[PDB]
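Right, one structure below, let's go through it.
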Amino acid sequence: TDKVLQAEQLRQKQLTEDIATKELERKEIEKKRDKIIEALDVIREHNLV
Amino acid sequence: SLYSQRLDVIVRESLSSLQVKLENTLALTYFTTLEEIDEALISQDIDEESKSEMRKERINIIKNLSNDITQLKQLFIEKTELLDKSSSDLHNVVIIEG
Amino acid sequence: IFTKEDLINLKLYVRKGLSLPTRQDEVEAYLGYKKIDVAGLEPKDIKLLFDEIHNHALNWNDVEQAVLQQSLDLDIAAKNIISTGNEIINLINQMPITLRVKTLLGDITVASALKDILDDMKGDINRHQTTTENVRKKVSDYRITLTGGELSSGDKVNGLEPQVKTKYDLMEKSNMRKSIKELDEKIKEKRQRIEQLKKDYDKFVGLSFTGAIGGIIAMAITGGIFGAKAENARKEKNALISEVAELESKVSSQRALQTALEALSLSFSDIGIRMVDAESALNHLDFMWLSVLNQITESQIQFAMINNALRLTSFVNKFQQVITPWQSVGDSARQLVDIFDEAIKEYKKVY
Amino acid sequence: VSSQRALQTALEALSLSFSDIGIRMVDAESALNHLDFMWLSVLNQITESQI
Amino acid sequence: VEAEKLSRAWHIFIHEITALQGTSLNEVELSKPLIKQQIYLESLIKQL
């Protein structure tokens with residue numbers, strides 16, 4: 001039971017670290033779109049008139 | 001591993017023979033028979049038939065006790081030397097150096 | 001001494017072993033897959049493992065039925081030996097000193113035919129030794145079949161519990177969850193490279209089309225070279241897309257397959273815990289059986305001493321040598337019958 | 001010699017095998033030590049008789 | 001080390017049986033090392 005304990009604790013520790021890593025990854029992807037939204041905003045200078 | 005599991009078998013069989021001898025030497029009451037012959041010699045008797053055969057049965061129970069000691073010596077020295085054989089399998093088959 | 005909760009854990013192991021897949025598709029559904037690409041942990045190997053353990057349970061149901069048979073046999077051995085032995089060989093407690101100084105009982109060695117009944121019961125006791133040694137052989141060989149070593153039949157088996165422990169060590173380390181991590185890293189590195197190639201390829205077709213639409217020889221040279229290279233690099237690139245998608249379909253799918261292997265290793269760890277429980281069970285059990293055979297031999301050595309020279313106090317001592325081990329035999333036997341009896345109600349209460 | 005990277009690795013496994021062989025030669029050396037000392041003891045006691 | 005602990009107690013036992021062979025002198029001296037080994041073994045039964 002204690003071996004199962006420690007193995008699953010290390011397991012979920014790695015899982016938690018990986019989840020935080022993926023959260024960092026998606027936050028960086030959300031940082032990447034800033035250039036795209038700013039580019040298409042500074043292109044957006046003409047509308048119907 | 002073979003000699004180790006073999007040694008465990010030796011341990012269990014040693015416990016078996018130990019229980020044998022703790023019930024035969026220790027638990028059985030040859031001592032009370034010795035006391036009974038002592039009381040029968042305290043009992044006054046025609047020493048022709050009685051005390052001669054009382055002494056012969058003293059020799060018989062002392063012979064039984066010596067058989068018990070013989071069991072002790074033979075089986076325990078035997079299994080002890082078997083433990084020593086397993087020890088030379090263990091303590092004298094070692095790899096360290098290279 | 002030996003307990004019934006040992007036998008409770010034994011029946012837990014029985015229910016575990018009878019709950020095992022046997023056929024290949026049964027194992028594969030129980031695995032949840034058909035392919036692992038891991039040596040020592042292949043689905044056929046795990047199927048063979050389950051054949052070993054399930055047939056080990058299909059041994060033990062019958063062997064434990066034989067344990068129940070020898071339970072009956074030791075019960076009736078206790079009854080018959082306690083009765084006949086204690087009755088007849090406590091009737092001859094009577095020896096006053098008057099005969100004990102003069103008779104020299106080995107002379108008259110009525111009761112002589114009654115001692116022949118005792119020698120018939122002695123041969124029956126030797127038969128009980130035979131049966132008890134056979135069942136102890138069954139128990140200890142079943143233990144070695146679990147634990148490991150040379151069988152008394154003469155087979156150096158490895159024991160199924162260390163084999164299961166070894167495959168548990170595989171599913172602990174050679175399960176290669178770190179390789180699942182590194183192969184997902186391989187996926188994301190190849191995927192990053194080929195999506196760089198995707199963005200590059202969009203710029204490739206853009207620049208190739210600009211080099212096309214200029215003029216006559218511009219069309220010629222650029223549509224010749226990169227008009228073909230766009231299709232070629234695109235098809236190769238989409239083949240790479242398919243390859244990394246299959247790696248996702250293999251080893252990012254083996255993330256979840258690895259998780260199923262981890263739950264399987266959890267189940268195997270449970271099975272190994274209950275094997276350790278059965279190991280202690282067979283430890284206390286086989287030590288009891290050894291004690292039984294011990295006290296039988298304790299009786300039989302002094303039974304070999306019996307002759308027609310059974311004198312007065314010589315036969316008093318021989319009388320004592322007879323009656324001494326069978327008291328402990330009956331004590332252990334009645335306690336053992338109690339162990340047999342109390343586990344019976346445990347099934348309907350729990351199972 | 002970048003092929004002798006792997007050839008060097010094969011030489012390293014060969015040197016591993018040679019180290020194994022040398023370990024077992026040391027084992028045979030102790031074997032012949034105890035053995036030849038026994039043989040010397042045999043010839044000793046023969047000479048003890050013969051003198 | 002474990003086997004030396006075990007077999008050393010058996011050389012303790014052979015030194016006990018070295019102190020044996022009291023032929024027919026007395027009777028009440030006998031089973032004192034026997035009960036000592038008995039209780040040490042019963043501890044050793046529980047040490048199993």
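Residues are named by chain letter and number: chains run A, B, ... in the order of the structure tokens, numbers start at 1 in each chain, and ligands are numbered from 1 in the order shown.
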Counting only C-alpha atoms, chain E residues within 9 Å of chain B, as a PyMOL selection string: chain E and resi 3-4+6-7+10-11+13-14+17+20-21+23-24+27-28+30-31+34-35+37-38+41+45
Same residues, N, CA, C and O atoms, saved as a short mmCIF file (atom, residue, chain, number, x, y, z; two decimals), in the first residue's frame:
data_model
loop_
_atom_site.label_atom_id
_atom_site.label_comp_id
_atom_site.auth_asym_id
_atom_site.auth_seq_id
_atom_site.Cartn_x
_atom_site.Cartn_y
_atom_site.Cartn_z
N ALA E 3 23.40 -15.90 9.21
CA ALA E 3 23.74 -17.30 9.38
C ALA E 3 24.80 -17.49 10.45
O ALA E 3 24.81 -18.53 11.13
N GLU E 4 25.69 -16.52 10.62
CA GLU E 4 26.65 -16.60 11.71
C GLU E 4 25.98 -16.43 13.06
O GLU E 4 26.36 -17.09 14.03
N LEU E 6 22.95 -17.42 13.60
CA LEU E 6 22.25 -18.68 13.81
C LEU E 6 23.20 -19.78 14.26
O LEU E 6 23.07 -20.31 15.36
N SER E 7 24.17 -20.12 13.41
CA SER E 7 25.06 -21.24 13.66
C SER E 7 25.97 -21.00 14.85
O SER E 7 26.44 -21.97 15.46
N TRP E 10 24.37 -22.39 17.63
CA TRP E 10 24.50 -23.84 17.65
C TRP E 10 25.86 -24.29 18.14
O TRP E 10 25.97 -25.40 18.64
N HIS E 11 26.88 -23.45 18.00
CA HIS E 11 28.12 -23.75 18.70
C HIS E 11 27.99 -23.43 20.17
O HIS E 11 28.63 -24.08 21.02
N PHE E 13 25.20 -24.17 21.47
CA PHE E 13 24.51 -25.40 21.84
C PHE E 13 25.48 -26.57 21.97
O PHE E 13 25.30 -27.42 22.85
N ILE E 14 26.51 -26.63 21.13
CA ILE E 14 27.45 -27.74 21.25
C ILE E 14 28.34 -27.54 22.47
O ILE E 14 28.82 -28.52 23.05
N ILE E 17 26.10 -28.98 25.17
CA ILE E 17 26.16 -30.43 25.20
C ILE E 17 27.58 -30.89 25.51
O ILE E 17 27.80 -32.05 25.90
N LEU E 20 27.38 -31.75 29.05
CA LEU E 20 26.47 -32.84 29.35
C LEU E 20 27.25 -34.02 29.96
O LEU E 20 28.37 -33.85 30.43
N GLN E 21 26.61 -35.19 29.97
CA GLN E 21 27.09 -36.44 30.57
C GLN E 21 27.33 -36.27 32.08
O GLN E 21 28.46 -36.29 32.59
N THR E 23 26.07 -38.68 34.66
CA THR E 23 25.58 -40.04 34.46
C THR E 23 24.35 -40.41 35.30
O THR E 23 23.25 -40.55 34.76
N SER E 24 24.53 -40.57 36.61
CA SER E 24 23.41 -40.93 37.47
C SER E 24 23.46 -40.23 38.82
O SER E 24 22.94 -40.78 39.80
N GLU E 27 19.13 -35.60 39.93
CA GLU E 27 18.07 -35.55 38.94
C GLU E 27 17.62 -34.12 38.66
O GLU E 27 17.35 -33.77 37.50
N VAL E 28 17.57 -33.26 39.68
CA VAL E 28 17.09 -31.90 39.47
C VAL E 28 18.24 -30.97 39.09
O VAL E 28 18.68 -30.13 39.88
N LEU E 30 18.36 -30.71 35.21
CA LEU E 30 18.46 -31.16 33.83
C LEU E 30 18.02 -30.09 32.84
O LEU E 30 18.83 -29.58 32.06
N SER E 31 16.75 -29.73 32.88
CA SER E 31 16.13 -29.04 31.77
C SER E 31 16.24 -27.53 31.87
O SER E 31 15.43 -26.83 31.26
N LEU E 34 17.38 -26.46 28.63
CA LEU E 34 16.30 -26.87 27.75
C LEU E 34 15.16 -25.86 27.77
O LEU E 34 14.63 -25.50 26.71
N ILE E 35 14.78 -25.37 28.95
CA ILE E 35 13.73 -24.36 29.00
C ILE E 35 14.26 -23.01 28.55
O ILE E 35 13.49 -22.19 28.03
N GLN E 37 16.46 -22.63 26.00
CA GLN E 37 16.33 -22.75 24.55
C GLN E 37 14.87 -22.81 24.13
O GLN E 37 14.52 -22.33 23.05
N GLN E 38 14.01 -23.36 24.99
CA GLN E 38 12.57 -23.39 24.73
C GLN E 38 11.99 -22.00 24.63
O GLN E 38 11.26 -21.68 23.69
N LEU E 41 13.42 -20.14 21.67
CA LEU E 41 12.84 -20.64 20.44
C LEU E 41 11.41 -20.18 20.27
O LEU E 41 10.97 -19.95 19.14
N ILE E 45 10.03 -18.53 17.40
CA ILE E 45 8.80 -18.84 16.68
C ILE E 45 8.03 -17.56 16.40
O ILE E 45 7.57 -17.33 15.27
#
12 Å contacts from chain E to chain C using only C-alpha atoms, as a PyMOL selection string: chain E and resi 42+45-46+48
For the selection just defined, write its residues with C-alpha atoms to a file, as a compact mmCIF listing (two decimals), in the first residue's frame.
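This went into part-v9.txt:
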# COMPACT_ATOMS: atom_id res chain seq x y z
CA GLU E 42 9.30 -19.61 21.30
CA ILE E 45 8.80 -18.84 16.68
CA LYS E 46 7.33 -15.39 17.19
CA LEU E 48 9.08 -15.85 12.22
All residues 12 Å or closer to range 295-302 of chain C, only C-alpha atoms, same chain fewer than 3 positions away omitted, as number ranges by chain: B: 16-25, 27-28, 64, 67-68, 71; C: 77, 81, 85, 119, 121-133, 288-292, 305-307, 315, 317-333
Write out as a tab-separated table a residue-level contact list of chain A versus chain C with cut-off 10 Å: for each qualifying residue the closest pair of atoms and the distance in Å to one decimal, counting only C-alpha atoms, rows sorted by chain and residue number upward.
residue	atom	partner	partner_atom	distance
A:1	CA	C:273	CA	8.3
A:3	CA	C:269	CA	8.9
A:4	CA	C:266	CA	7.3
A:7	CA	C:172	CA	8.8
A:8	CA	C:266	CA	9.5
A:11	CA	C:262	CA	9.8
Generate a file of the selected residues that holds N, CA, C and O atoms, formatted as a PDB file, in the first residue's frame.
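Saved to selection-v2.pdb:
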ATOM      1  N   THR A   1       0.818  -1.202   0.000  1.00  0.00           N
ATOM      2  CA  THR A   1       0.000   0.000   0.000  1.00  0.00           C
ATOM      3  C   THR A   1       0.854   1.255   0.000  1.00  0.00           C
ATOM      4  O   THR A   1       0.480   2.259  -0.609  1.00  0.00           O
ATOM      5  N   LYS A   3       3.965   1.472  -1.220  1.00  0.00           N
ATOM      6  CA  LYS A   3       4.575   1.579  -2.536  1.00  0.00           C
ATOM      7  C   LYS A   3       3.592   2.158  -3.540  1.00  0.00           C
ATOM      8  O   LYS A   3       3.958   3.021  -4.347  1.00  0.00           O
ATOM      9  N   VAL A   4       2.340   1.694  -3.491  1.00  0.00           N
ATOM     10  CA  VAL A   4       1.276   2.249  -4.322  1.00  0.00           C
ATOM     11  C   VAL A   4       1.062   3.719  -4.000  1.00  0.00           C
ATOM     12  O   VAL A   4       0.899   4.549  -4.903  1.00  0.00           O
ATOM     13  N   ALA A   7       4.101   5.714  -5.397  1.00  0.00           N
ATOM     14  CA  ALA A   7       4.065   5.681  -6.853  1.00  0.00           C
ATOM     15  C   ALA A   7       2.977   6.592  -7.395  1.00  0.00           C
ATOM     16  O   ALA A   7       3.214   7.355  -8.336  1.00  0.00           O
ATOM     17  N   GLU A   8       1.798   6.566  -6.781  1.00  0.00           N
ATOM     18  CA  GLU A   8       0.722   7.423  -7.251  1.00  0.00           C
ATOM     19  C   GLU A   8       0.948   8.874  -6.868  1.00  0.00           C
ATOM     20  O   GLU A   8       0.506   9.771  -7.590  1.00  0.00           O
ATOM     21  N   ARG A  11       3.290   9.998  -9.401  1.00  0.00           N
ATOM     22  CA  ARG A  11       2.518  10.014 -10.635  1.00  0.00           C
ATOM     23  C   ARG A  11       1.706  11.292 -10.763  1.00  0.00           C
ATOM     24  O   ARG A  11       1.839  12.029 -11.743  1.00  0.00           O
TER      25      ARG A  11
END
Interface residues on chain D facing chain B, 10 Å, only C-alpha atoms, written as number ranges by chain: D: 19-20, 22-24, 26-27
Atom pair CA of residue 39 in chain C / CA of residue 175 in chain C: separation (Å): 10.0 Å
Å distance separating CA of residue 82 in chain B from CA of residue 2 in chain E, one decimal place: 15.0 Å
